[PDB]
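Trainee: so I've got this experimental structure, pasted below with the sequence.
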Amino acid sequence: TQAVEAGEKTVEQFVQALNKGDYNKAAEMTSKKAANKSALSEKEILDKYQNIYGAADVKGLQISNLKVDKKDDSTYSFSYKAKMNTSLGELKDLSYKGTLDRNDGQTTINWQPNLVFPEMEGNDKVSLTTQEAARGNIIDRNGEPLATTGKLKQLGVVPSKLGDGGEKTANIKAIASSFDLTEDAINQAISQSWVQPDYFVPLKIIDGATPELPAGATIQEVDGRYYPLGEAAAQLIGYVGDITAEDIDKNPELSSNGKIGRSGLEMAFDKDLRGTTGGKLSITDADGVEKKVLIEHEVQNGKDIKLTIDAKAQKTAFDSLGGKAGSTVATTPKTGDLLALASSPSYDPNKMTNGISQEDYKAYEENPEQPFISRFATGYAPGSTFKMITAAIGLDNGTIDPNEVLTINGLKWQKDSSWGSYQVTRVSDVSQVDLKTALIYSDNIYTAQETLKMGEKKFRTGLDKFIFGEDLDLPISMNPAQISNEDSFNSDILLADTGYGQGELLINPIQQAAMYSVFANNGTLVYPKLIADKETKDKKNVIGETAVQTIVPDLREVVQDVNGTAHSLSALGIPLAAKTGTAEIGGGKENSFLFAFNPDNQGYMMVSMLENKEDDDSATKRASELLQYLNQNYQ
Ligand SMILES: *C(=O)[C@@H](NC(=O)Cc1ccccc1)[C@@H]1N[C@@H](C(=O)O)C(C)(C)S1
């Protein structure tokens, strides 16, 4: 019995070394090479495990139901069930039998080929055949392709069919002038270390018609991942990259020949899109005749993913940002369908996944506007659009009278002298300011005074009814929106600034569209949704129907009134309720904002923004095109 326990220890240390990929330490625990002991020596065991387990990408060896007894004086029989993960799936229910050995004062394992796999004997071999799974597509709400695998015209040059000297450079000048390429890059590709005189050295991919081919140029059709909208959805969709040996170590069920998602939805939906590798893991005769099959199943291609994104709206929302820093979110506010999640500036996902130069990748990573950032998922201070939330809270708790008219003189104000020199500032000097006037001219002092009158406790009671701190059920990495840094402002100055959306507030464009959906659902909050088939989740009684019926008419005037901050949108001639905003970010860096939706049918809602805006630039100047599209197609 005392020796049976030391034997149970060696069986667990043997399977642990196998589980850790240390096939050598497990080899040093076997017996000496003999007839009834170990069939092979140490270096031969290390190679047989490294060859076989390495070929099948065996990982995560775990055992259960250990039964260790005693046969005679020095040999202890031991058995157990075991399971492991391979590149073809999970090998479960493995009956491992064997004998131990307890000569001297320690216990070794009488190694046998049946310890690699159960039914192995002698010089049996292991075979593995695999068939790659085609990656599934990503499609918009109407079936248009967003991420697909298809045929690509790959332009490349062969050094021999190019020339000997003078004619070689003339063809390089022709290929660099016929496909919009660099003359220093064609000679930099044909002079790498892997190049041979007769090798097809690839260059770029022609995304259109193929011009005349100079001497040395040739087109080889190959299959790869393609993104139709390209950079217009690069942050959302993402890109796939070549699977490395480290990926296979983490998840053996990947296809080391295939691609893996590196960012965006391509990474978030990698398991659903990549499918399952098919094939057969068999044991063969000493000559190669198939003996016993361990795993086998057909290749199952990846499943498609249908998004709520509108492909035509996604391209228009992105193009309207003119390559400047910003982002736009468009929703159907009654259901939450995310029609567009544009972010600018962007990167080329096709060039990123079809072979990207090391120089271009550095430009993408050092660009100060940071193209890789998903700005629709980045938290910002909302600015003056947040006055709709503050006003609705004051209407709900009976602090705001819509017809009550505050008297504000000048462009600066402070509660009392204890504020030192900080003063709430407004842009328009209007003496008589009610709720309708304050929303039209975007008056901070009205918002600040009415926030302080309301107080912090009544303010947060209305704020807590929203989604501050919640994690949205979305396949997008994102931090939850926050009211402030702590659970209490502990400052009337910070309380006032939060009133008009310039405190420690952090709300990303997607969360803003979720919070502002109350004005399209009679005060019900409708959570945003990215997968088309998913159910519509809502949140009743966030603000009162009284406040919605009061603010939305005023938001119509933010567009229609001659002095409204969004009056340029009245040129569209469409029903619009909107609210602009310009957030100060502490030189003076400003973020332009625009909220807008159709108050007649609630068919669409839009939240656009510019980050670190240039002068006389705004989200309002760029919304005319996207608003015209959403008005015609989403009613
Ligand atoms: C809301 O964002 C308000 N802006 C401020 O309180 C700070 C500010 C920023 C830039 C210039 C002046 C003041 C108001 N809303 C914006 C807007 O709706 O675009 C205004 C420029 C009207 S100030």
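Mentor: Ah, there it is. Numbering: from 1, shown residues only.
Trainee: burial measure for the residue of the stretch 1-150 of the chain found nearest the ligand, as a count.
Mentor: Going by Cβ to the nearest ligand atom, the ligand is nearest to residue 141 of the stretch 1-150 of the chain, at 31.6 Å. Backbone N, C-alpha and C define where each C-beta goes, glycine included. A count of nearby residues for residue 141, using other Cβ atoms under 10 Å, gives 17.
Trainee: next: the one 4 residues further on.
Mentor: Neighbours of residue 145 under the rule other Cβ under 10 Å: 16.
Trainee: for residue 42, list the residues it contacts.
Mentor: 24, 27-28, 30 (Cβ atoms under 8 Å, 6 or more residues apart in numbering).
Trainee: again but with residue 471, I slipped
Mentor: Applying Cβ under 8 Å, 6+ apart, the residues near residue 471 are 478, 480.
Trainee: which parts of this protein sit against the ligand?
Mentor: Residues of the chain lying close to the ligand (Cβ under 6 Å from any ligand atom) are 383-384, 427, 442, 444, 500, 565, 580-584, 590.
Trainee: quick one: buried ones out of those?
Mentor: Applying 16 or more other Cβ atoms under 10 Å to those, the neighbour count classes 383-384, 442, 444, 500, 565, 580-583, 590 as buried.
Trainee: where exactly do the strands run in the stretch 151-300 of the chain?
Mentor: Assigned by DSSP state E, counting those that start in this stretch, the strands in the stretch 151-300 of the chain fall at 201-206, 217-226, 239-242, 259-263, 278-284, 290-297.
Trainee: just list what the helix or strand that comes right after the last one packs against, helices and strands only.
Mentor: To tie it back to what came earlier, the one meant is strand 290-297. For strand 290-297, the following helix or strand on the C-terminal side (DSSP states H and E) is strand 305-306. Under the contact criterion of 3 or more Cβ pairs under 8 Å, 6 or more residues apart in numbering; DSSP states H and E, strand 305-306 touches strand 138-139.
Trainee: the strand it packs on: how far from the chain's middle?
Mentor: Relative to its chain's centre, strand 138-139 lies at 15 Å (Cα atoms, centre = their mean, to the nearest Å).
Trainee: which helix or strand contains residue 150?
Mentor: Here residue 150 is assigned to strand 145-157, by DSSP H and E.
Trainee: in the stretch 251-400 of the chain, what residue lies closest to the ligand?
Mentor: residue 384 (2.4 Å).
Trainee: and that residue, that's in a helix?
Mentor: Yes - if the criterion is DSSP: H, G, I helix; E, B strand; the rest coil, then residue 384 is within a helix.
Trainee: tell me the contacts of it?
Mentor: Applying Cβ under 8 Å, 6+ apart to residue 384 gives the contacts 442, 444, 500-501, 579-583, 593.
Trainee: let's see 10 Å
Mentor: Residues in contact with residue 384 (Cβ atoms under 10 Å, 6 or more residues apart in numbering) are 390, 427, 439, 442-444, 447, 500-502, 565, 579-583, 593, 595.
Trainee: residue 559 and residue 595 touch, don't they?
Mentor: No - at 11.2 Å, residue 559 does not count as touching residue 595 under the criterion of Cβ atoms under 10 Å.
Trainee: which residues are in contact with each of the two?
Mentor: With Cβ under 10 Å, 6+ apart, residue 559 and residue 595 have common neighbours 566, 577-580.
Trainee: among those, which ones are in helices?
Mentor: Using DSSP state H, no member of the shared contacts of residue 559 and residue 595 sits in helices.
Trainee: ok, which stretches of the stretch 251-400 of the chain are helices?
Mentor: In the stretch 251-400 of the chain, the helices defined using DSSP state H, counting those that start in this stretch lie at 264-268, 270-274, 311-319, 349-353, 358-366, 387-396.
Trainee: show me what contacts the residue of the stretch 101-250 of the chain found nearest the ligand?
Mentor: Proximity to the ligand, evaluated over the stretch 101-250 of the chain using Cβ to the nearest ligand atom, is greatest for residue 235 at 25.3 Å. Contact analysis of residue 235 by Cβ under 10 Å, 6+ apart lists 263-264, 318, 327, 341-347, 349, 371-377, 476.
Trainee: longest helix in the protein, by residue count?
Mentor: helix 2-19.
Trainee: how far does it sit from its chain's centre?
Mentor: Worked out by Cα atoms, centre = their mean, helix 2-19 lies 43 Å from the chain centre.
Trainee: what residues sit buried inside it?
Mentor: Applying 16+ other Cβ under 10 Å to helix 2-19 flags 7-8, 10-11, 14-15, 17-19 as buried.
Trainee: what does stretch 204-212 give?
Mentor: So, applying 16+ other Cβ under 10 Å, buried residues of stretch 204-212: 204-205.
Trainee: also stretch 538-551?
Mentor: In stretch 538-551, counting by 16+ other Cβ under 10 Å, buried: 539, 542-544, 547-548, 550-551.
Trainee: ditto for stretch 488-497
Mentor: Quick answer for stretch 488-497 (16+ other Cβ under 10 Å): 489, 492-497.
Trainee: now, among the residues you listed, which is nearest to the ligand?
Mentor: Nearest member of the buried residues of stretch 488-497 to the ligand, counting by Cβ to the nearest ligand atom, is residue 497, at 9.1 Å.
Trainee: doesn't the closest one lie inside a helix?
Mentor: Yes - assessed by three-state DSSP, residue 497 belongs to a helix.
Trainee: who are the contact partners of it?
Mentor: 381, 422, 424, 444, 447-448, 451, 484, 489, 491, 503-505, 584.
Trainee: can you do 7 Å?
Mentor: residue 503 (Cβ atoms under 7 Å, 6 or more residues apart in numbering).
Trainee: just to revisit the earlier point, check which helices and strands the longest helix of the chain sits against.
Mentor: On a contact count with 3 or more Cβ pairs under 7 Å, 6 or more residues apart in numbering; DSSP states H and E, helix 2-19 meets helix 23-27, strand 59-68.
Trainee: for these, which one sits closest to residue 129?
Mentor: strand 59-68 (19.4 Å; Cβ to Cβ).
Trainee: is it true that residue 243 touches residue 253?
Mentor: No - contact criterion Cβ atoms under 7 Å: residue 243 and residue 253 do not qualify, at 11.2 Å.
Trainee: ok, back up a step: pull up the gap between the residue of the stretch 101-250 of the chain closest to the ligand and residue 374, please.
Mentor: 4 Å (Cβ to Cβ, to the nearest Å).
Trainee: anything in contact with each of the two?
Mentor: residue 343.
Trainee: before we move on, the earlier item: redo the buried residues of stretch 538-551 as JSON lines? Include secondary structure.
Mentor: Below are the buried residues of stretch 538-551 laid out as JSON lines (three-state DSSP):
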{"residue": "539", "secondary structure": "strand"}
{"residue": "542", "secondary structure": "coil"}
{"residue": "543", "secondary structure": "coil"}
{"residue": "544", "secondary structure": "coil"}
{"residue": "547", "secondary structure": "helix"}
{"residue": "548", "secondary structure": "helix"}
{"residue": "550", "secondary structure": "helix"}
{"residue": "551", "secondary structure": "helix"}
